[PDB]
Each structure stands twice: as C-alpha cells, then as structure tokens.
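Each remark here refers to the structure printed beneath this line.
Protein chains: 6
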Amino acid sequence: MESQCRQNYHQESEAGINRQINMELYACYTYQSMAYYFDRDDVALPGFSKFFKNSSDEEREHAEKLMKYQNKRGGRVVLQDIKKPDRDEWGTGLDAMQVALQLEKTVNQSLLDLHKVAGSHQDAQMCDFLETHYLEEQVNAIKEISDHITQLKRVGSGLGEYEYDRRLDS
Amino acid sequence: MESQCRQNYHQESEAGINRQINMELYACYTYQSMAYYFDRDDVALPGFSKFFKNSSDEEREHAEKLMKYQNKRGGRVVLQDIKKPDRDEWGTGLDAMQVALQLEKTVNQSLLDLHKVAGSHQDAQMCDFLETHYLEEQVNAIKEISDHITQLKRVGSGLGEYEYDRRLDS
Amino acid sequence: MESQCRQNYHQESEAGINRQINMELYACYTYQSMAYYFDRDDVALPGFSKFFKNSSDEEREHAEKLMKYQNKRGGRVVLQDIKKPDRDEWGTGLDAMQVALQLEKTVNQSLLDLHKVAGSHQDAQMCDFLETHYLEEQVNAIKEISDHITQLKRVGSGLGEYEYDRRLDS
Amino acid sequence: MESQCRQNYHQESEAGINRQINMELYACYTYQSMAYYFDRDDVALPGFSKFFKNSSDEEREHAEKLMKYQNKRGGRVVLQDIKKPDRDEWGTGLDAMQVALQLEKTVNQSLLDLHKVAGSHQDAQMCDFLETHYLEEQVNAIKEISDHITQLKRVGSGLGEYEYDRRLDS
Amino acid sequence: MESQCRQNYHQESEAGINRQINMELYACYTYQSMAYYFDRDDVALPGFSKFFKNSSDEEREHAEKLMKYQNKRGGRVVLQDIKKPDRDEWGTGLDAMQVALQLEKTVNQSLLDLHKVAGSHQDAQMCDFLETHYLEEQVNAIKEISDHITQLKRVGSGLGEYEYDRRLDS
Amino acid sequence: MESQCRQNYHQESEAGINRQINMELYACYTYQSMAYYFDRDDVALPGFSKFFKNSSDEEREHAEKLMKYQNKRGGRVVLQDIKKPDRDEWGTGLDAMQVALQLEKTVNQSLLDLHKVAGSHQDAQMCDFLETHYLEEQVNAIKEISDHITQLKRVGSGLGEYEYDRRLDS
Ligand SMILES: [Fe+3]
Ligand SMILES: [Fe+3]
Ligand SMILES: [Fe+3]
Ligand SMILES: [Fe+3]
Ligand SMILES: [Fe+3]
Ligand SMILES: [Fe+3]
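Chains as they are written, first to last, in my numbering: chain A, 1 to 170; chain B, 171 to 340; chain C, 341 to 510; chain D, 511 to 680; chain E, 681 to 850; chain F, 851 to 1020.
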C-alpha cells in the first residue's frame, strides 16, 4: 500500500523522521517540566517559567511540522512513548539553562544525523526542508541559550537571578 | 520541606492530580495521533484533522491548568511517561469519533474519581475547581462527540463522510 | 437504548429534572397570568405587568435550560400537563408580589430537593450545574421580591401603589 | 362588573378568544417538545431543533397577543391546563414536519371558526384583527411547512435529512 | 420576626457569617496598618505600601459582600469590635509578607470551617457562594504571597528589597 | 529615634491625630452598619443604603489622609480597637439621619479640639491642613444632613420616606 505521493523518499529517511518526532516531543516534555518547576512557590521565577513554556510550545510545533512533512512525502507517522524528563526539579535558573543547552545540542545532533541520512539518498527536498525549518533555528536557539548562560554567570545568585528573571518576563 | 502554601491539601489529592495530569497528556497524544492520521494522503479528511488537532490542544491546556493548580496548592508536579496511543491508524471518521467518546468517558471517570478523593478530605476548593474547570467541559464534550457520532451514522460512508468533514472544517 | 452520553447519571436524578421542568413551566404560566392580569383595564398597572412578564420569560428560560441539561446528560425529556394557575385574578400589586414570593420559595425548595438527589448519587457535575445556574438566582429572586413586598407595604394603597408601578416600569 | 371598555364585544367572542389562547399555548408546548427532541444525542438535528424552537416562540407570541386583545376589548382572560403534547418522540425530520402541518391546520381551523363567531356578531374590528394578525400568518406557515415536507421527501433519508437540517440551521 | 426571605438558612450558618465578617474586617485593619507603616519616612517602601493598601481594600470588599449575603439569605448582620492589629510596626518587606501569609491562612481556615458549617446543614447555595467568591481567591492570594516571600528571600536585604518594592509599585 | 522629618510637630498634636484617626474609623464603621441595615429585606431602602455606604467610604478616606499626614510630619500612627456601632438597627430613614447628624457633630467637635491643640503649639501648617481638608467638609456635611432631616420631616412616613429614598438613590 505504498502511498500515491511517494517519490524519492527512502524508508530510512521515513524512519528517521519518526525518530526525530519522538525526540522533539521529548524536548517539549522536558521544557514543560521546567516551566512548571519555575512556577513552584519555593522557586517563583515567572520569567524563567515563561521562557521554558514558550520553548516547550516551539518544540511541539517542530514535532507537528515533522508529522506534517511525513504525510507530505507519503511516509507514515509512527509514535512511541514520550519518556518522562530526566529530573523532577531543575535547580537554579542557570542550572536549567545549562540543561537546555545540552538538550538543544542533543536535538541538533539528531537533526544533523537525519540530514546525513537524507543526503545519502539524494533527498534534496528533505535536505532543504531540514536546513530551512530546523537547522537554522537550532543554531539560533543554541546561541541564545549560551548568551543566557553567560549572563546568568555574570549576574550571580540571588538578586542577579531575580533581575535576569525580569528580563525573561519582559 | 512542606510548602509554605499548603493548607487543607491531602497527599492523596496531590497524587490524584499527578495521575490526572498524565491522563490528560495521554488524551492529548491520542488526539494528536488522530489529527495527523486524517492528514494522510490516503485519508485526506482535513475537517476531522482540524477537529482532533483542536481537541489535542484543549487536552494539553487542561493538563497545564492541573500543573498550575498543583503548584497553587503547594503540591509537587511529578511527571511519568506519556504512553503512545492505542492504535497507529484510526479508521473512518465515525471510527475515530467512537474512540474519542470512549476516551472522553475515560477521562471523565478519572476526574469523577479525583473529585471523590477531594471531597473525602473536605477539600471544598479543589472540588469546585474540578467542577468548574473540568467536569462541566467533560459533559459538553461528551454530548458534542455523541452528536457527531449520530450524525456520522446518519450520513453514511462515502459522500456522507465527506460532507460531515466539511462541517468540521467550517 | 441507554444513551451513548450517559455517565454517572442516575435515573432518580433524570426523573427529578423532568419534575423540575414541569415546576418551572408551572411558574412560567402563573407569571404569565399575572402579567396579563395587570394589563386589565380595571387594574392598569403596566409596571407590574412588565415585571411579571419578564419573570415569566425567565422561568421559561430556566425550564429550557433544564431540558437542554437533560439531553446533555443522556436523560430523556418527558413532559406533563402544565396545570393552570391557582387564581384567575391576583388582587393588588402587593397581593401578587406575596404570591410570587411563595411561588419562588416553592421552586427553590424543589431545586434544593433535586440537589439532594444529585448529591446522594455523587453527581458532582449536576450539583454544580444546579448551584451555578439555579440556586444562586433563586436566592437573588427571593431577596428582590421580599424587598418589593416591604416597599409596597411602606408606600400603601392608592398613590403609593401607582408610584411603585412606575418604579417597576422604569 | 362589565368592563368600561366593552363595546360590540359578544360573550361568545370572548369565550372563543380564551379557547384560542389555550390552543396557541398547546401548539407552543408541542413545538417546544419537538425542539428538544431534535436536541437528543441520538437524534442530533440542530437545524430542526432551531426551526421548532422558533415555531414555539412564535406560538407563544400569538397567544400573548390574544391575551392582550382580550384585555383591549374588555374581555377577561381565563386560562386552562396546557395539555402535554401528543407524543414524547417525533420520529424523523419528515415525521415531525408532517405533525407540524396537521398542528398548523388545526390551529387554522380553530381561528377560522373564531372568525365566524366574530362575524356572526358583526364584530368588524375583531374580524380584521384575526385576519391581519392570525389568518395571513397561518396561510404562510402552512405553505412553508408543506414546502419543507415536499423537500424532505425529495432528499430522502440519511444524508438527505442531514443536508436539509443544515438548511434549517442556516 | 423571622425574615420573609429565609429558607434553608441555619442559625449556625448565620452566626458563622457574622464571625467571618469580623475576621475579614480584622484582616482589613491589619493590612491598613501595614500600608501606612511602609509609608513611614524611615521605611519608605511605596511599592509595599501600595500592595498592602490594595490588600486592605480587597478585605473590606470581602467583608461587605458577606454583609450583603447575610441580608440576601434573611440573616441579620451583627457587628463586633474590630481588634487593633497585632503589631504597630511590621519590620522588613519580607517580615510583613510573612505576617500576611499567616493572616491569609488564618482567614482561609476560618472560611473552610464556615463551609463545613454550611455543608453540615445542606446549605448548597451557601457552599457554592463561599467556594466561588471566597475559597478560590484565598488559594490565589496564598500562592501569590508565597511567591513574594520566596522572591524576597532570593533578593536579600538592602538593594534587593528596594528592587522588589519597585516591582510591587509597577 | 525622632524622625528626620520632624519639625514644629508637638507630641500632643501627634497623639491628637491618632485619636482623630480612631474617631474617623469609628464613624466609618457606624455608617457601614447603617448601609447594610437599609439593605435588609424588611427595610429595603436602597437610596439610604447608598447614601450611608458613600458616607462610610468618605470617613475611611478621611482617616487614611490623617494617617498619611501623621507620616508626613514624622509622627507615628498608633491604632486602637474600632468600637462597634452604638446600635444594631437604625430605625427609619429619619432616625438614621438624626444619628448621622449627631455623629458628624461629634467628629466636628473632635476636629475643632484638635485644631486648638495645633494652634496652641503654633503649628500653622497643621491648622491649615485641618481647616482645608477637614473643617470645611464637616460644615458642608452637617448642613447637607440637616437639610435631609428637614425634608424627611416634611415628607412624613410611608410613601414620603419611599420618595426621599429615590432621591438619595438618584
Ligand atoms: Fe525542536
Ligand atoms: Fe481533558
Ligand atoms: Fe425558575
Ligand atoms: Fe399560532
Ligand atoms: Fe478576605
Ligand atoms: Fe470624617
């Protein structure tokens, strides 16, 4: 029952998209966890909460665009369990930004590996789709989070973290 | 490290909220699956796709409001794996609406059991929170989906399903 | 042929809603009678006429919302005769307001008994529906009519009743 | 205590108006029944529901205009029981439209008999009142419902009934 | 001289409302004290001053709504002395927020005890009134003040307290 | 710890302001009592209710301006119990206006005694503050209430009191 759409779309690329979908949803869930961690009364950093809630929404949007792409190419979406996040509590604002940077680098490596799979099969359209809609945003997200980390080291604990939280809330 | 917020909030109610969060996220994931199933080129029902994408977004919003409520009361959000949906393909529009009705009844029973836990501990605020923000919407959602099922039986397969899809897309 | 909607909805609650529907329609009919009584040429109190016509319309709206609720829960609307009002003529403005207070207290007692039936079966949603959409309005209506009665005793017969009629017409 | 208004108003005409009031209220109640029948989850025809709810409201308005007319002429409104509708369930859309046509013809015959009573007593004003505000609308209502019946026979059961329901909802 | 309004309103519930009125007025007075404490020239924290003045106004509004409710149900408002606040000076911003949290928890416990009295007498309307207009706001107020306390511990004394004062003034 | 603000501010004037604060709050409480007395279902005079609620709010505003003035001058606000009002019920509209006149004259005498204390210590600014913001308003309030009393004697009991209530509600 090969899809009437399918053309130049390798089954390895199709499986890679399904793998990437689960990875994006995993990142979504971790950011959702962080968002409500910073909403705890004994944490109470609403700027960090908003930053990670927005990051969560953006990851969900990335996953759904991959689901849409899967269908466009005639592939078939196959979902797996979304594994719960690595921690239940995420420390300081700086701690969570550090985790976010490693998470974004993990998603980026996964996308770079997916791009290699697509290129190996001369899937020129899928390569450009990944470059345009995924790879550029990862480079921007990693730079932005790195800037946040550097600034959070500069301002220090206590009042410094409070002031940076105001910046994220603004 | 009992939260400075906590008052009249039983640990059984707190665990019940965490259980309900995972249930809402599970329903979210199933609706997300259906949404992109109806986006398949060999299904191609964009009205059903939109209906289930919106249902998915609403379930996500319900889960996040429970996470917010957990924090308001001084409880602690503890997330578990989001289990993948029961199926990979969802049949006809009528088939998927039937599954949706059973899913909504499952979430509703779970909320009714949660309300009993809250009432047992005379958690009057949590009872009203659940009634106002969860129980009324479940009654409306179940009626709406039941209406859809009846109409989909009336219009039948083929052109009938196409016409009802237009109604959901409108 | 149990409705596909039905969940946590006891047949005693379903019969109680049908009983309440007939009670609301009965109150509607009595207020309609009063409205056109005060439109008689030998009564000629257009403010009282308008007050009771509006009360009649509100009772009709309450009955229809119960019919809608019956359907939402999967119950089945069963209508009975609407008994004609207790009188054909309603006396003075004060007389009719006194009858209205007893009528509203009768409807309120009936709703309070219905709420007990719902609570007995742990129908948490139906309890909140009745509290939100019926019980609060009864408390307000009873206070408002009691205020009217006190004022009508203050102003007395003749010119006093005329002046209060202007207030209701305003 | 003959009303100071009364002139050229026969007691037979006055009783006939009271009879007609009860007939209009009866039709109101039957249409109200149909409206909430089509709101059942196992019927789920919101266009038919709206059509009969509007018909119900129009019958109520006709009854109240007769009550107003009774008072204008110096007659006295005397209300009777409103008998419950002939059925609890009304079948298909076509079935209910058929019942509506017979109901409207029954009300029309009753008004035609009332017009004869008025004319017999040379009540020229009451004849014109009935012609202008009741008889013309009955002819229009009967034609409109007959058109609906013919169209519902044309479109047939299933998808046809669904499409006509959309027309009534529009 | 039982009020013509009174229905399903127990004298224990009526006394409980009068007790709650005095409690709300007491909280009002304490917040008023704090507001003008932070207006002292040797304290000079106008953001904290505004926060507690607004809290004072909200407590006054809660008390007046209970007085209004007492009258709605046919109970009789009986006022007692408003006891002066526990202190004349309230320390640091953090100190006063700590006192506010304990004050709000005291009012909340009192309302929860009042809700139990109402429920014991199956006063369904009064239960919902308390849940809707009092209990939800207490949960929100306690969370908000707890967030303030956590943030004030984070920012520390001196410049930190000044910066948080700006936040409350904003 | 004499305030850095303090200049030409005698401790007798400072104690007098604290005494006046408690007097204004006492008047506030009495007017609040009257406001909800006229909201009783067996009193039901909403114009009088509004008049005394507004008078209550104005007394509260006067007290807070004295608290603000205390701080401006470097004095220290010291609050005492607010004694409950002299009565629980306030009779007729005329009765309550009579009590209001005596209350306003009591507050006025207290302010006149405070002005003497200030003048004795050549506190020229405090004298002008009291004249501008307190003494003129007392003369206006006493005249206005006296006019109300005279009018309420003119219109008499029953319909007259009702008509004057409309004037206060306007
Ligand atoms: Fe992503
Ligand atoms: Fe949900
Ligand atoms: Fe009603
Ligand atoms: Fe008619
Ligand atoms: Fe309060
Ligand atoms: Fe004053």
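Virtual Cβ for every residue (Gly too), placed ideally from N, Cα, C.
- Task: Please list the segments of the beta strand (DSSP E) lying wholly inside the region 126-159 of chain A, counting only runs of 3 or more residues, in order along the chain.
- Result: With a minimum length of 3 residues, no continuous beta strand (DSSP E) run stays inside the region 126-159 of chain A.
- Query: Can you list, in chain order, the residues of its chain whose CB lies under 7 Å from that of residue 171/A, leaving out five sequence neighbours each side?
  - Reply: Missing from the structure shown is residue 171/A; chain A here goes from 1 to 170 and no further.
- Relative to the C-alpha of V1005/F, which residue among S899/F, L944/F, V893/F and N990/F is closest? The candidate whose alpha carbon is nearest that of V1005/F is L944/F.
- Item | Straight-line gap, residue 768/D to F558/D (C-alpha atoms, nearest Å) | Chain D is shown only over 511 to 680; residue 768/D falls outside these bounds and no answer can be derived.
- Task: Under 7 Å between beta-carbons, which chain A residues line up against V247/B? List them in chain order, please.
- Result: The answer, in chain order, is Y36.
- Range of the contiguous alpha helix (DSSP H) that encloses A355/C: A355/C -> alpha helix (DSSP H) spans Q351 to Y377.
- Rank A118/A, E144/A and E61/A by C-alpha distance to the C-alpha of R73/A and give the top, closest one. Out of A118/A, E144/A and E61/A, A118/A has the C-alpha closest to the C-alpha of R73/A.
- Message: Distance check for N54/A and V723/E, CA to CA, integer angstroms please.
- Response: Those two C-alpha atoms are separated by around 39 Å.
- Message: Let me see if you follow: with CB-CB separation under 9 Å, is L443/C close to chain E or not?
- Response: Chain E contact via Cβ: absent.
- Message: Considering only heavy atoms of ligand 4 and the C-beta of each residue, which residues fall inside 6 Å, strictly closer?
- Response: Those residues that bring their Cβ nearer than 6 Å to a heavy atom of ligand 4 are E534/D, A537/D, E569/D, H572/D and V617/D.
- Query: Relative to ligand 5, is the shortest distance from any of its heavy atoms to the C-beta of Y814/E smaller than 8 Å?
  - Reply: Yes; taking the cut-off as 8 Å, the Cβ of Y814/E has a heavy atom of ligand 5 nearer than that.
- Query: Nearest chain E C-beta to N480/C closer than 9 Å, yes or no?
  - Reply: Output row for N480/C: interface = yes.
- Message: Please identify the residue among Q174/B, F221/B, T262/B and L236/B whose C-alpha is closest to the C-alpha of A185/B.
- Response: Closest by alpha carbon: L236/B.
- Message: Following a CB-centred definition, is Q478/C positioned closer than 8 Å to any heavy atom of ligand 3?
- Response: Yes, the beta carbon of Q478/C sits closer than 8 Å to at least one heavy atom of ligand 3.
- Hey, out of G261/B, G245/B, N310/B and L338/B, whose CA is closest to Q410/C's CA? By alpha-carbon distance to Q410/C, the top candidate from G261/B, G245/B, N310/B and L338/B is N310/B.
- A554/D versus chain B: which residues are under 7 Å apart at the beta carbon? Listed by position along chain B, the residues whose Cβ is nearer than 7 Å to that of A554/D are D317, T320 and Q321.
- Give a yes or no on contact between the region 284-300 of chain B and the region 436-447 of chain C, applying the rule of three or more CB pairs nearer than 8 Å. Short answer: they don't touch.
- Message: Which same chain residues end up closer than 7 Å to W90/A when comparing Cβ atoms and leaving out the 5 residues on each side of it in sequence?
- Response: Within the same chain, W90/A has close Cβ partners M34, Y37, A96 and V99.
- 9 Å Cβ cutoff met for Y369/C and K456/C: Their beta carbons are not under 9 Å apart, which means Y369/C does not touch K456/C by this criterion.
- Hey, could you find the ends of the alpha helix (DSSP H) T616/D is sitting in? Start and end: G603 to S630.
- Message: Between which two residues does the alpha helix (DSSP H) holding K412/C run?
- Response: Membership of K412/C in the alpha helix (DSSP H) is indicated by the continuous run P386 to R413.
- Query: Along chain D, in chain order, which residues have C-beta atoms closer than 8 Å to that of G263/B?
  - Reply: Those within 8 Å of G263/B in chain D number zero; the least Cβ separation is about 13 Å.
- Query: Who are the Cβ neighbours of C5/A in its own chain at under 6 Å, not counting the five residues just before and after it?
  - Reply: Apart from the 5 residues on each side of it in sequence, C5/A sits with its Cβ closer than 6 Å to the Cβ of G74 in its chain, given in chain order.
- Using only alpha-carbon positions, find the residue among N868/F, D938/F, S863/F and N858/F that is nearest to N698/E. The closest CA to that of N698/E, considering only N868/F, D938/F, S863/F and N858/F, is found on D938/F.
- Query: Going along chain C in order, which residues have a C-beta closer than 7 Å to the C-beta of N581/D?
  - Reply: Simply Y376, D379, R380 and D381.
- Message: Within a Cβ cutoff of 7 Å, which residues of the same chain sit near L168/A, ignoring the five residues on either side of it in sequence?
- Response: Close CB contacts of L168/A within its chain, under the 7 Å cut and outside five residues either way in sequence, are with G47, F48, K50 and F51 (chain order).
- Task: Tell me, please, whether the CB atom of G387/C is closer than 9 Å to any CB atom in chain E?
- Result: Not closer than 9 Å to any Cβ of chain E, the Cβ of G387/C fails to qualify, so no.
- Message: List, in chain order, every chain B residue whose beta-carbon is nearer than 9 Å to that of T812/E.
- Response: Going along chain B in sequence order, the residues near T812/E (Cβ under 9 Å) are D298 and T302.
- Item | Option nearest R550/D by Cα separation, candidates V418/C, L443/C, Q351/C and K493/C | For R550/D, the closest C-alpha among the options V418/C, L443/C, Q351/C and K493/C is that of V418/C.
- CA-to-CA distance, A233/B to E646/D, given in whole angstroms: Near 58 Å, if we compare the C-alpha coordinates of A233/B and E646/D.
- Task: Check whether the Cβ of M976/F lies closer than 9 Å to any Cβ atom in chain G.
- Result: Here chain G cannot be found, since the structure's protein chains are A, B, C, D, E and F.
- Task: Grab me the residues of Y304/B's own chain with a C-beta within less than 6 Å of its C-beta, minus the 5 sequence neighbours each way, in chain order.
- Result: For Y304/B, where only same-chain residues beyond five positions count, the Cβ hits under 6 Å are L281.
- Item | Top-ranked residue by Cα proximity to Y9/A, from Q138/A, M1/A and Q125/A | When only C-alpha atoms are compared, the closest one is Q125/A.
- Based on Cα-Cα distance, which residue from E534/D, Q612/D and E522/D lies nearest to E568/D? Closest by alpha carbon: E534/D.
- Query: Which word fits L45/A, buried or exposed, when buried means at least 16 other C-beta atoms lie within 10 angstroms of its C-beta?
  - Reply: A residue is called buried once 16 or more other Cβ atoms fall within 10 Å of its Cβ, and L45/A is buried on that count.
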